[PDB]
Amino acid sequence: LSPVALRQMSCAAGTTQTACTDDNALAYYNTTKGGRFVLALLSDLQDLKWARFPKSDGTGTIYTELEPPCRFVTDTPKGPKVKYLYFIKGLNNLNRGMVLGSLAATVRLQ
């Protein structure tokens, strides 16, 4: 399948749908035909279960369930930092790989 730019945007996630309050995650997403398809979230927090995305037309909000997070380490000026990678529930391996390849290009892994 020919590739499509993966982009990032801040977003609210939380333990519960109601707990999605302020911006605490970075969503990795696709701009497809009728709206953005979020594949994964990146966060400092390890207990997220839900992400929240306003539709761009303003007609509503989408809540996406998260898989258990994948812990990984990034190289920063302040030293190594632990982060959590949350695939969207049910994401297939092709899309998981795309997230991983975009992640390696956009954060200083290991």
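Residue indices: 1-based, along the sequence shown.
Between 31-39 and 44-52, the higher mean Cα B-factor belongs to 31-39. As the entry records it, the average C-alpha temperature factor is higher for 55-63, out of 79-87 and 55-63. Ranked against the other modelled residues of its chain, the C-alpha B-factor of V99 as given in the entry falls in the lowest third. In this PDB entry, the Cα temperature factor of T106 sits in the bottom third of its chain's modelled residues, the lowest group. Placement of the Cα temperature factor of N92 within the chain: middle third of the modelled residues, per the deposited record.
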